[PDB]
Structures are given as C-alpha cells and as structure tokens.
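Visitor: Below is a structure I'd like to ask you about.
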Amino acid sequence: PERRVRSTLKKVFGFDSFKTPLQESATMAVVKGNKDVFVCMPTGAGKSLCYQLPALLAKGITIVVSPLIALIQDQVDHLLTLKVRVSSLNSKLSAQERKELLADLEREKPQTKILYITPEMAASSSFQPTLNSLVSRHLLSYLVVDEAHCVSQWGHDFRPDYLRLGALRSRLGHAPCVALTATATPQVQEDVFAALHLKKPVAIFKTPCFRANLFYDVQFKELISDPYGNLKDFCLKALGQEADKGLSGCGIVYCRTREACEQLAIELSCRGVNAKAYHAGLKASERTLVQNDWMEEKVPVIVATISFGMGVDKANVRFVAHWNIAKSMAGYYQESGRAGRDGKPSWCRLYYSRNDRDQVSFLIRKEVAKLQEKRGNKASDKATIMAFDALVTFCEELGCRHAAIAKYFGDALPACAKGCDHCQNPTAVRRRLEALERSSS
Amino acid sequence: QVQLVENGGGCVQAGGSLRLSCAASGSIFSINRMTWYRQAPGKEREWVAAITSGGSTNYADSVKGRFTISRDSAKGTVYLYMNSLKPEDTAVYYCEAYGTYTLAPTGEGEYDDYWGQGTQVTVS
Ligand SMILES: [Zn+2]
C-alpha cells in the first residue's frame, strides 16, 4: 500500500521520515502515476526524492532531463553511494563510455534503472532511435524534466531543445511526465503545461512564499518629516526584541545606487545605529572584512545596494529595509526573504517614492533599448518592465502584503494572523494611501 | 475537486429574456477560459460564448447581439444574459472550465478541465 514507500524511504535513502509533509503528498501522486505532476519546491533538498523513490518502485526505466551536468553529477554520485543502478549521459563522460550505455538501453532488461540525460542529447537525431525502442518496449516508466522553467521565454534560462521535449511526451503516452523548478510565476507554470504538453489533471505541489514571522509594511518617502529618523527607529524597533536582552539580532538595508548606500550607513551610525556600507564599487578585501563584522554582530547592521548576493543568510536577521524600490517583485521577495531565517518575529519594510519609481522606470527603459539595438524586440523585454511594475503595484495598491506576493507567484491566499500593515490596521493603510493621492505631485 | 453548477433557465416566448448563472465551488485560483455551450437536442453541440480570465470575451455569430457574458470577478461566477431569444436558442446550456488552476495553502493543487451539468432553456 503506502507501507511500500515508507520502508523503501528508510531502507534505501536512510531517512526516518519525509523532510516535509508536502514532499510526502507530491511523491505519492508520482508513485500513483495516474497523473502528470508539477513540483515548484525550492533549493531545499525535497524535490529530487519526488522522482527518485518512485523510479525504483516503478519496475521500469526512469529518464531525468537536467539542463547542466553540474547538478546531475552531484546526485548520481550520492545515488550510487546508496547502492543504486543509476547512469548519467553527460558529454563530460567519454565517447567510449557513451557507446556502452547506448547499448545497455537497446538490450531488453537493461542494467540502467535511471538515465540522467541532458536536453541537448535528448533532442538530437543521434539519441532518437534508442529512445524509440525504450518506448515501444514499454521500458519507459517516468520522463522527468528538471528546471522546467527553461521551456518558457518568461523564465530566464529559456532552452528551445526543451520545446521538442513536448512532442516527446505525446509520443510516450504510456509513460507519465514529472516537471520540476525552484520558482515559477503562474505565467511560467501555464507555459510549462502547454509547451511540455502535460496531461490534465496535473497534480501540483508548490511551497507558499508567505512566512509566519515576517511582518511586511510599506512607508512613503514623500510623507516622512525625518526619513532617516524613521529608519533609525525601525532598526531599533526590529532589534532589541527583548528589553531585558538590550540589543538582540542583526539586519540589512538596500539601495539602488552605490553612493546612496554609503550615505545611509553614516546617517544611521551617527544616530547610534552602528552600521556599515557594502557594494561592487568596493575592493573585495573591504567586503569580506565588513561582512565578518556583521556576521559576528560586532556591527549589528549592514547596508548593501542591489548586490549582497545571499553570501550567507544568517539565523537572527530581525529586519530588512529597502530605502529604494528593488528592480523586480521577485527581487523584493528574495531580498526580504533573507530576513527571519530562524522563524522568530522579523520586519520587512519598503520606502516607496514616486521619485524612486520613475528613476528605475527610465533606468530599465534605457537598458532595455540598449538590448533592443543589441538583439531586437523580444518576449522577455516587456517581461522585465512587468516584473518591476508588480512591485510598484504592491506599494501603490492597498492589500495584505503576503497575498500580493502570493498572487504574483501563484500560491493561494495565506493566513496572515494580523501579520502585515493592511491586515493589522486596515485604516492606517487607507490613511497613508489617500495621503500619497495628495502628495502624488 | 471543483463543482461547476448551472442555474436560471426555464420557458419563455419568442423575443423574451433570461439570465444564466455558472458557479465554481472550491479552492480555485484562476480559470484560463470559461465557455457557454448549448446542447439543442436534434442538433450539433454549439459554442455560444466565452470569457478569458483577463476579461476578454467572444460570442458566436448567431447570438452576437442578443447574448452577453460577464464575471462578478469577486463572486467567482459568470452569467449569460440572453435577450431577443428565439425558438432556435431552445437547448440545455452548460459551461466548460478550461485551464482551471486550483490550489490550497498546504500548497497542494491541480490544473484540470471541469464541465457543468447544464440548465434547461425552452423558447416558444
Ligand atoms: Zn497581512
């Protein structure tokens, strides 16, 4: 029954239980294999098992297309270490080793249980006939497509080889299809289903972007008597969660321009808010020194342009403030995301200025025209503008903040529990909005 | 799973008027295209009209002027106003829920097509 999967999990993968109860649900649908399934789970190790364990208990051959071999090799090495018959087709392994595997597949009852191919090969006239015989011999049990987003021009890593993977699914009617990606706008997910030719019902397992501890709010730079003071206060607010504890935690601040980043560090530092500046304009030596201090809470605060780069996400990041709007809503999610990794209460804040908005507006406009002369008009050109327009909408339009993030991304509405500005005090929101109506010009 | 349930048909005279309701229950997120199909017994199943999620809409040539669909985007439910009715239009009316992305907070969801039962429309 389900008893099968439980035993195989601990017997082969040496895991007492599934990491996430979502994982459990996902894997079970793949094991049923009644349904094409889609998994937008993150870099957390959960997604792989969702096609790995089913592949074993399938009693047929489990192909897995993966775009770069870096990713493949990591797993195949660990898979082997768990006494599994797995085989990678990467241009990396020799023109002779390749002839040995092509052969194995062609004979019936082949040794290969799991073939990690690359998209490139999977499409080429070179690989097609061995493929054909696997299908006809009803040897193909699952066709997995990792980094699916690659199928959609909206996704950054568009890989047209992946478009042939769609006509391939229709040819392999008997074999089910499992697509996976870390993150996907519903826009992207809708392209996936279509260009990959999935069979409805597709069963979907998408981790929600909403997180309990994160208290999101928006302020407007037009409407602050002392903009630096509000920030000082907000940094003090988020830090020192326990009065008897004094200073507790650390936090981050973001800045489109290098220069403005430096400015803010000093403003805060003078004000008692002990804070350091950090950008790509600096030499690397500077950065690793600064990061150290922040990492050890020598300096409880840092200020980092659009270039901190998740070097580490630290446990007790109590706050993340954006002095300016980030370049994309996604951008805001990721950036804010670095906060509150430890699950204890944390604050995310955006400081919105129509001044900022129009600054970034012509930035992206001019560097898009810069690529249009370089390439031409393209699907993804409009997408860049849109990705940012969503963040402007997030601040300008009143609404529970976690839900606006969930909408852009494609989660259902989350349970805020009085955990954002619009949810906590619907009215103070109305107040400051109708404020920016007047302070529009 | 999802429920598409129809309402608001009956009988009426030549040149008359009715309004038809299509109601999707459950944990929906979005529906690519919702379409009204009429089954005239003794005839070909006929495409009536349809509304994309984005508010774009399209009508059959025969019913162009006379019919009009709409979403109470909020109510999560769409309507077909059928005025200047003719004997022609006598049929069972159902909707196709194409591209029905359904999802929950647990993260567990499905992309599916859903069909409604239909409601009965008779015109002198
Ligand atoms: Zn909220």
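To be explicit about the labels: the chains of the structure tokens are called A, B, and onward in the order shown, and within each one the residues are counted from 1, while ligands get numbers from 1 in the order they are shown.
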Fewer than 5 positions away in the same chain doesn't count, so skip those; otherwise give me all residues within 8 Å of stretch 176-180 of chain A, counting only C-alpha atoms, as a ChimeraX atom specification.
Guide: /A:30,33-41,47,51,141-148,169,198
Visitor: Export, as an mmCIF file, in the first residue's frame, the selected residues with C-alpha atoms.
Guide:
data_model
loop_
_atom_site.group_PDB
_atom_site.id
_atom_site.type_symbol
_atom_site.label_atom_id
_atom_site.label_comp_id
_atom_site.auth_asym_id
_atom_site.auth_seq_id
_atom_site.Cartn_x
_atom_site.Cartn_y
_atom_site.Cartn_z
ATOM 1 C CA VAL A 30 4.121 10.400 -8.723
ATOM 2 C CA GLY A 33 1.487 7.735 -11.905
ATOM 3 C CA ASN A 34 -2.204 8.171 -12.906
ATOM 4 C CA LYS A 35 -1.277 11.884 -13.186
ATOM 5 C CA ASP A 36 1.402 14.030 -14.833
ATOM 6 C CA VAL A 37 2.685 16.087 -11.814
ATOM 7 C CA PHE A 38 4.466 19.522 -11.403
ATOM 8 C CA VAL A 39 6.667 20.498 -8.414
ATOM 9 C CA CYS A 40 7.708 24.139 -7.763
ATOM 10 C CA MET A 41 9.568 23.459 -4.484
ATOM 11 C CA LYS A 47 12.299 17.975 -4.900
ATOM 12 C CA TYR A 51 11.028 11.402 -8.827
ATOM 13 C CA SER A 141 8.204 4.271 -16.547
ATOM 14 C CA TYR A 142 8.763 8.077 -15.893
ATOM 15 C CA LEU A 143 10.070 11.012 -18.099
ATOM 16 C CA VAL A 144 11.337 13.677 -15.544
ATOM 17 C CA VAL A 145 12.137 17.277 -16.761
ATOM 18 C CA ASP A 146 14.145 19.255 -14.061
ATOM 19 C CA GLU A 147 14.464 23.093 -14.452
ATOM 20 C CA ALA A 148 11.160 23.075 -16.497
ATOM 21 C CA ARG A 169 5.603 13.498 -24.168
ATOM 22 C CA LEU A 198 1.275 17.753 -19.787
#
Visitor: Check which residues fall inside 6 Å of ligand 1 when counting only C-alpha atoms and all ligand atoms, and print them as a JSON list (two decimals) with C-alpha atoms, in the first residue's frame.
Guide:
[["chain", "number", "residue", "atom", "x", "y", "z"],
["A", 400, "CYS", "CA", -2.48, 42.17, 2.63],
["A", 401, "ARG", "CA", 1.21, 42.12, 1.67],
["A", 402, "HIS", "CA", 1.79, 38.29, 1.91],
["A", 416, "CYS", "CA", -1.76, 36.40, 7.85],
["A", 418, "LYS", "CA", -2.59, 40.03, 11.94],
["A", 419, "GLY", "CA", 0.90, 39.93, 10.44],
["A", 420, "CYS", "CA", 1.22, 42.84, 7.93],
["A", 422, "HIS", "CA", -3.09, 46.12, 5.75],
["A", 423, "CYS", "CA", -4.08, 43.05, 7.92]]
Visitor: Neighbours of residue A:81 within 12 Å (only C-alpha atoms; same-chain residues fewer than 5 positions away dropped), as JSON, numbers by chain?
Guide: {"A": [12, 13, 14, 74, 75, 76, 86]}
Visitor: Using only C-alpha atoms, find the residues of chain A whose closest atom to chain B is at most 7 Å away, then write them as a PyMOL selection string.
Guide: chain A and resi 200-208+411-414
Visitor: Write the residues of the preceding selection, restricted to N, CA, C and O atoms, as a tab-separated table (two decimals), in the first residue's frame.
Guide:
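out07.tsv, written as the output of this step:
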chain	number	residue	atom	x	y	z
A	200	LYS	N	-3.86	16.86	-18.27
A	200	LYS	CA	-4.74	17.30	-17.15
A	200	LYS	C	-5.46	16.04	-16.67
A	200	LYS	O	-5.89	15.26	-17.50
A	201	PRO	N	-5.59	15.77	-15.34
A	201	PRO	CA	-5.16	16.66	-14.27
A	201	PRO	C	-3.67	16.45	-14.03
A	201	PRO	O	-3.22	15.30	-13.93
A	202	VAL	N	-3.00	17.59	-14.00
A	202	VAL	CA	-1.65	17.80	-13.41
A	202	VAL	C	-1.84	18.04	-11.92
A	202	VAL	O	-2.63	18.91	-11.58
A	203	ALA	N	-1.17	17.25	-11.08
A	203	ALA	CA	-1.17	17.42	-9.61
A	203	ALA	C	0.02	18.28	-9.25
A	203	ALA	O	1.12	17.98	-9.69
A	204	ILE	N	-0.22	19.33	-8.48
A	204	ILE	CA	0.75	20.44	-8.30
A	204	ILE	C	1.07	20.48	-6.81
A	204	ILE	O	0.12	20.28	-6.01
A	205	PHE	N	2.35	20.65	-6.48
A	205	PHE	CA	2.86	20.78	-5.09
A	205	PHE	C	3.82	21.98	-5.04
A	205	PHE	O	5.03	21.82	-5.35
A	206	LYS	N	3.29	23.17	-4.71
A	206	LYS	CA	4.02	24.47	-4.76
A	206	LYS	C	4.11	25.05	-3.35
A	206	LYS	O	3.06	25.39	-2.76
A	207	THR	N	5.32	25.14	-2.83
A	207	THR	CA	5.58	25.70	-1.48
A	207	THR	C	5.16	27.17	-1.50
A	207	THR	O	5.53	27.90	-2.42
A	208	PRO	N	4.31	27.62	-0.54
A	208	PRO	CA	3.90	29.03	-0.43
A	208	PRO	C	5.00	30.02	0.02
A	208	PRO	O	5.83	29.64	0.83
A	411	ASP	N	0.68	31.14	-5.38
A	411	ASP	CA	0.18	30.42	-4.17
A	411	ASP	C	-1.29	30.84	-3.95
A	411	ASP	O	-1.73	31.83	-4.56
A	412	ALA	N	-2.08	30.15	-3.13
A	412	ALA	CA	-3.44	30.62	-2.74
A	412	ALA	C	-3.27	31.68	-1.65
A	412	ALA	O	-2.13	31.86	-1.21
A	413	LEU	N	-4.35	32.34	-1.23
A	413	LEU	CA	-4.26	33.37	-0.16
A	413	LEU	C	-3.71	32.73	1.12
A	413	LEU	O	-4.18	31.68	1.55
A	414	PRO	N	-2.72	33.35	1.82
A	414	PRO	CA	-2.24	32.79	3.08
A	414	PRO	C	-2.95	33.24	4.35
A	414	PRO	O	-3.77	34.14	4.28
Visitor: Assign secondary structure with DSSP using the backbone only, and return the residues of stretch 41-121 of chain B in strand (DSSP E) as a PyMOL selection string.
Guide: chain B and resi 46-52+57-59+67-72+77-83+91-103+108-115+119-121
Visitor: Quick one: residues within 12 Å of residue A:273, only C-alpha atoms counted, chain neighbours fewer than 6 positions away excluded, as a VMD selection string?
Guide: chain A and resid 228 to 229 231 to 240 247 250 to 252 264 to 267 299 to 303
Visitor: Counting only C-alpha atoms, what is within 7 Å of stretch 36-41 of chain B, bar same-chain residues fewer than 2 positions away, as a list in words?
Guide: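 In the requested form, the answer reads residues 43, 45, 46, 47, 48, 49, 50, 90, 91, 92, 93, 94, 95 and 96 of chain B.
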Visitor: Could you write out that same residue set with C-alpha atoms as a CSV table (one decimal), in the first residue's frame?
Guide:
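Saved to selection00.csv:
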chain,number,residue,atom,x,y,z
B,43,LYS,CA,-28.6,19.3,-33.4
B,45,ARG,CA,-23.3,20.8,-29.8
B,46,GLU,CA,-22.8,24.6,-30.4
B,47,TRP,CA,-20.2,27.0,-28.9
B,48,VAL,CA,-22.1,30.1,-27.6
B,49,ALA,CA,-19.6,32.5,-26.0
B,50,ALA,CA,-16.6,32.6,-23.6
B,90,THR,CA,-34.0,26.4,-27.1
B,91,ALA,CA,-31.4,24.0,-25.6
B,92,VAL,CA,-29.5,22.8,-22.5
B,93,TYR,CA,-26.9,25.4,-21.5
B,94,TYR,CA,-23.5,24.2,-19.9
B,95,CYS,CA,-20.1,25.9,-19.3
B,96,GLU,CA,-16.5,24.5,-19.9
Visitor: For a quick check of understanding, using only C-alpha atoms, which of A:52, A:88, A:355, A:305 has the smallest distance to residue A:257?
Guide: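 Looking only at the distances to residue A:257, the closest residue turns out to be A:305.
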Visitor: Using only C-alpha atoms, which residues sit within 8 Å of stretch 364-367 of chain A once same-chain residues fewer than 3 positions away are excluded, as a PyMOL selection string?
Guide: chain A and resi 360-361+370-371+384-385
Visitor: Could you write out the selected residues, including C-alpha atoms, as a PDB file, in the first residue's frame?
Guide:
ATOM      1  CA  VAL A 360      14.058  52.960 -12.017  1.00  0.00           C
ATOM      2  CA  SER A 361      11.393  53.395 -14.806  1.00  0.00           C
ATOM      3  CA  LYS A 370      20.303  49.133 -25.002  1.00  0.00           C
ATOM      4  CA  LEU A 371      19.469  45.405 -25.554  1.00  0.00           C
ATOM      5  CA  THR A 384      11.496  42.934 -17.378  1.00  0.00           C
ATOM      6  CA  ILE A 385       9.260  46.105 -17.233  1.00  0.00           C
TER       7      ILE A 385
END
Visitor: Any idea what's packed within 10 Å of stretch 55-59 of chain B, counting only C-alpha atoms, ignoring anything in its chain fewer than 4 positions away? Could you give it as a ChimeraX atom specification?
Guide: /B:33-36,47-51,63-71,73
Visitor: Write out as a ChimeraX atom specification the set of residues from stretch 60-307 of chain A that DSSP, computed on the backbone, places in helix (DSSP H, G or I).
Guide: /A:69-81,95-106,119-123,128-136,148-151,161-171,186-195,221-223,227-238,243-245,258-270,284-296
